[PDB]
Amino acid sequence: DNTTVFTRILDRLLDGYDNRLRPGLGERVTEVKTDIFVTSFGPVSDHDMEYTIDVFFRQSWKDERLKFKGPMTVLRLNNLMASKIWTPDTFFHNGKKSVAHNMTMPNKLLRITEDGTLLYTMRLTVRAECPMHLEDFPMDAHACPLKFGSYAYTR
Amino acid sequence: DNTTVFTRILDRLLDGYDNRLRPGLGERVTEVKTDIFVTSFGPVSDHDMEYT
Amino acid sequence: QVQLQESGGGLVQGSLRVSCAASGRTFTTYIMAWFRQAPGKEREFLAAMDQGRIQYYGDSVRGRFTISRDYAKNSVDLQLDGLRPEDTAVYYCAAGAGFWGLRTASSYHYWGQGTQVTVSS
Amino acid sequence: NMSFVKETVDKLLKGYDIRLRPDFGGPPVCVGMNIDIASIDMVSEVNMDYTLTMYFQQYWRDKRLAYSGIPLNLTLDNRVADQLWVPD
Amino acid sequence: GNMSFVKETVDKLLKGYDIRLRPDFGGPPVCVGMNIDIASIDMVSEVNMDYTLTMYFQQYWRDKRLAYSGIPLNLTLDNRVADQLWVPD
Amino acid sequence: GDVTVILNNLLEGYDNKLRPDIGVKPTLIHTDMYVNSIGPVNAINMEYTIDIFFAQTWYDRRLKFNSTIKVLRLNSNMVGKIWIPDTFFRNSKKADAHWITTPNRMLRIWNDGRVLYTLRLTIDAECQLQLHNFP
Ligand SMILES: *[C@@H]1O[C@H](CO)[C@@H](O[C@@H]2O[C@H](CO)[C@@H](O[C@@H]3O[C@H](CO)[C@@H](O)[C@H](O)[C@@H]3O)[C@H](O)[C@H]2NC(C)=O)[C@H](O)[C@H]1NC(C)=O
């Protein structure tokens, strides 16, 4: 069948896999290439010193464990597979209460290229601290940061 | 290991224990001695006629 | 009057530490940065520290210099290691909110008088 | 027969790959959507948003779930939505 | 460091690890060190009589069952392993 | 335990996906309700709150058991194990059950196959107010 081959490929990839261990653990540093697409810069709340931002947050990284040879190059795989493999635990340093939208389903997409270059993007609403200097109010200006990084893993 | 004795004890305790049924079902009335320690008596909201 | 007092040695043959203490205004919420001015060159950004203990460094001096902030006594310190002779210049300390910047001198409103640093071979 | 319906649905759910869409290597899967708007609650000018309750229904075709011998629509319990693939 | 070796060591560590039992059930008390990094205090509300507090809360404790050998490095595991490991209540 | 073996026999071969009498006749569910308190009528959102005990009785021949025990008086554990009607309130803007200390749900299964399922609910239901004659 045309789908049982993909099922066997997925089973082979997941067999022996341990999502608790990052790629190249103990032998190489994991380079995560990231980018952000801001779908809407939300309102700024002066009272809370807070601003909201809605983003497609994309990450990508190599994972030698998830290389394969198959009929098609990149598997536009279901978002369910994101929980079955290691993913970066990126968190926002100045975020206050961020939302990972999951209507109708968890708004994430995962794609595995044949070499092993995983792409993994998610839809988020992050509200983050934007400290303000109101000396020149209402004629003031601000530079609201948006800062993110790994929570558990060091350089 | 030194602590495996307690693990075996708990395994024997849970072997066959059906939690869907109350203790003493069909034999006695389950007596529950309940009580409360109020750590903090929260504010009383009059708009909702409620208190925490 | 807002004033930023810089302190540190002037001549070296080596490692050095230069401190910059603020007065008349608390810069705990501001970004504190260091700049370099050689003879006949424009101001070059060296390093910066943010309210969140977050460090930024210039490429020319990445991995050599180290920036730190003491919020209690309201100062920023720069530790210089592995000096090489063309690093001779006057070093400025600045504090401000980074608007259009965090790397441009124009984004800072407070500046120090500058401390000269020279390396002898 | 309830038993025959049971073994039919068990065979349908047996060996079902949720990770793969209905035609993974095939042409795109068509999904028809229709909405029944129950109400619009608060059209807020200050928040620049509106609330909307609806019955939102999707319609697609999965050959893996095709069955036979049952002239009925099997309105199964909603917990099988977890076991079935659905559009994201 | 070998990924297969790390996987087998973690499997051996978590094989038989009874989460219900605290790290030294019959022995002396376990000592838990704690420290905090306060990121910010947001809203000291006089109306609600409370204050918000965002923080990195870090706990430290020694468990004999989770001691391994042959991997001279600190295994920074994925956060989901806490559901299998015992932690203070 | 007699009740334990009875429950195991009842759950042997049972599927909660299929309603009882899938292809025989419609399932008749008799609804009842005890309104604890109709909450305040919030005119701004045109809604009112209501707390209820909602009970549904029906018949499931799969749960017929023969024993000297005439009724099993179970708790919320078996609610997810047996088939339950997916009744929902159409005009609800916000509804939720009660989960303290445990889920406020109750199950009873008689030897003739009658299932009674009760639960506590709090419902914020819309009510389109015609305010021409206010107050
Ligand atoms: C795994 O984590 C432990 C605990 O953090 C690391 O142990 C510490 O490693 C450092 C660097 O080798 C040792 O040296 C230094 O100690 C002084 C005095 O405390 C301190 O000022 C330095 O910043 C530095 O930490 C330190 O003594 C040692 N201490 C302990 C408690 O173990 C360990 O190095 C980490 N694993 C690896 C492979 O680095």
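Give the residues of segment F:26-41 whose amide nitrogen is closer than 11 Å to a point set 7 Å from the Cα of F:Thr87 in the direction of its Cβ.
F:29-34
Please list the non-local residues whose amide H lies under 5 Å from the amide H of D:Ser39, H modeled 1.01 Å from N, same-chain partners needing a gap of 5 or more.
Answer set, sorted by chain and number: D:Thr53.
Sort out for me the Cα centre separation of segment C:58-121 from segment D:22-51, rounded to whole Å.
One Cα centre to the other: 53 Å.
Using only atoms on other chains, find how many Cβ atoms lie within 10 Å of each Cβ of peptide A:126-132 and report the average.
2
Evaluate peptide A:11-19: per residue, the Cβ atoms of other protein chains within 10 Å of its Cβ; return the mean as an integer. Write down the numbers at each step before the final one.
Values: counts 1, 0, 0, 1, 0, 3, 1, 9, 3.
Going residue by residue through A:11-19 and averaging, the value is 2.
With charges set only on the Cβ (+1 for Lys and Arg, -1 for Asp and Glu), what does the dipole of the protein assembly as shown come to about its Cα centre, in debye to the nearest 20?
2280 debye
With angles folded into 0 to 90 degrees, how steeply does helix B:4-14 sit against the dominant principal axis of chain B? Use alpha carbons for both and round to 10.
70 degrees
At what distance in angstrom do the alpha carbon centres of segment A:8-59 and segment A:82-155 lie from each other?
Centre-to-centre distance over Cα atoms comes out at 7 Å.
Indicate the gyration tensor shape class of chain F (rounded, prolate or oblate), computed on the Cα atoms with a ≥ b ≥ c the square roots of the eigenvalues: a/c under 1.5 is rounded; otherwise a/b larger than b/c is prolate and the rest oblate.
prolate
Within the set of other residues whose C-beta is less than 15 Å from the C-beta of B:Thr52, count the net charge using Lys and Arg as +1 and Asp and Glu as -1.
Taking every other residue near B:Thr52 into account, the sum is -4.
Would you work out which of A:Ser150, A:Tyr120, A:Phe37 lies farthest towards the positive end of the dipole of chain A, given +1 charges on the beta-carbon of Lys and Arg and -1 on that of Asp and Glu, about the Cα centre?
Most positive-ward Cα: A:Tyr120.
State, as an integer percentage, the relative contact order of chain A based on alpha-carbon contacts under 8 Å between residues 6 or more apart.
Over chain A, the number comes to 26 percent.
Using a Förster distance of 45 Å, how high is the FRET efficiency between A:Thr154 and C:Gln13, based on the Cβ-Cβ distance and rounded to 0.05?
0.80
Anyone know which of A:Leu119, A:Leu75, A:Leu110 comes out most mobile in the 10 Å Cα GNM of chain A?
Comparing A:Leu119, A:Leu75, A:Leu110 in a Gaussian network model of chain A, the most mobile one is A:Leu75.
Using only alpha carbon pairs under 8 Å that are at least six residues apart, calculate the relative contact order of chain D and give it in whole percent.
Numbers: 71 pairs, mean separation 28.3, N = 88.
So the answer I get is 32 percent.
Report the calculated FRET efficiency for A:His93 and D:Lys6 (r = Cβ-Cβ distance, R0 = 41 Å), to the nearest 0.05.
0.15
To the nearest µm²/s, what D does Stokes-Einstein give for the protein assembly as shown at 20 °C and 1.002 mPa s, using the Kirkwood radius over alpha carbon pairs as Rh?
Working: Rh = 32.0 Å.
D, rounded to a whole number, is 67 µm²/s.
Tell me the net charge near C:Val90. Cut-off is 15 Å between Cβ atoms, C:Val90 excluded, with +1 for each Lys or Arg and -1 for each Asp or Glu.
Here the charged neighbours net out to -2.
Given the -39500 (n - 2.57) contribution per DSSP H run of 4+ residues, what per-residue ellipticity at 222 nm results for the protein assembly as shown, rounded to the nearest 500 deg cm²/dmol?
-3000 deg cm²/dmol
Under a crude label model (7 Å from the Cα following the beta-carbon direction), how far is F:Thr101 from D:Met42 in nanometres?
Rounded to a tenth, the inter-label distance reads 3.6 nm.
Considering all alpha-carbon pairs of segment D:5-84, what whole percent are spaced by more than 15 angstrom?
Roughly 71 percent, once rounded to a whole number.
Within segment F:29-128, report the chymotrypsin sites (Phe, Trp or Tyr not before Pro) that DSSP leaves as loop and that have at most 11 other Cβ atoms within 10 Å.
F:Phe88, F:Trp99
If we count every other residue with Cβ under 9 angstrom of C:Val18's Cβ, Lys/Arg +1 and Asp/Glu -1, where does the sum land?
Numbers: positive: C:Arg17; negative: C:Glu6, C:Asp77.
Cβ neighbours under 9 Å give a net charge of -1.
For segment D:50-56, just list the computed ³J(HN,Hα) in residue order, Karplus coefficients 6.51, -1.76 and 1.60, θ = phi - 60°, integers in Hz, with x standing in for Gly and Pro.
10, 9, 8, 9, 7, 9, 10
Just name one of D:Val43, D:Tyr67, D:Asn78: the one whose Cα is farthest towards the positive end of the charge dipole of chain D (beta-carbon charges, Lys/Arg +1, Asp/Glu -1).
Farthest towards the positive end: D:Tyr67.
Assuming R0 = 41 Å, what is the FRET efficiency of F:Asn42 and A:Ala100, from their Cβ-Cβ distance, to the nearest 0.05? Don't jump to the answer; show the numbers that get you there.
Working: r = 31 Å, r/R0 = 0.76.
Efficiency at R0 = 41 Å is approximately 0.85.
List the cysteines in the protein assembly as shown whose Cβ has no other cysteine Cβ under 4.7 Å from it.
D:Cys30, E:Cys31, F:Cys127
If you take the charge dipole of the protein assembly as shown about its Cα centre, with +1 on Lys and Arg Cβ and -1 on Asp and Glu Cβ, which of F:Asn9, E:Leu21, C:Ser120 is farthest toward its positive end?
F:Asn9
So how strong a dipole does chain C carry about its Cα centre when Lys and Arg Cβ are +1 and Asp and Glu Cβ are -1, to the nearest 20 debye?
140 debye
Can you tell me the 0 to 90 degree angle between the C-alpha axis of helix D:2-13 and the longest principal axis of chain D, rounded to 10?
Computed tilt is about 70 degrees.
Using a Gaussian network for chain A with springs between C-alpha atoms less than 10 Å apart, which of these wobbles most: A:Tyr51, A:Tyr120, A:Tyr17?
In this elastic network of chain A, the residue with the biggest mean-square fluctuation among A:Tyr51, A:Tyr120, A:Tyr17 is A:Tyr17.
Hey, got the dipole for segment F:25-86? About the Cα centre, +1 on K and R Cβ, -1 on D and E Cβ, debye to the nearest 20?
On the way: 7 positive and 5 negative charges, 130 e Å.
Charge dipole of segment F:25-86: 620 debye, to the nearest 20.
Full extension from A:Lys147 to A:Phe56: what is 0.36 nm times the residue separation minus their Cα-Cα distance, to one decimal in nm?
31.3 nm
Over the whole of D:11-24, what's the average partner chain Cβ count within 10 Å per residue? Rounded to a whole number, please.
Working: counts 0, 0, 1, 0, 2, 1, 7, 3, 11, 8, 4, 1, 2, 11.
So the per-residue partner count for this stretch is 4.
Cα atoms only: what Rg and Dmax, in Å, come out for chain C?
So, for chain C, Rg and Dmax equal 13.4, 41 Å respectively.
Values in this text are rule-based calculations from the coordinates and carry no lab data. In this analysis, Cβ positions are derived from the backbone assuming ideal geometry, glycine residues included, and neighbour counts consider all displayed protein chains.
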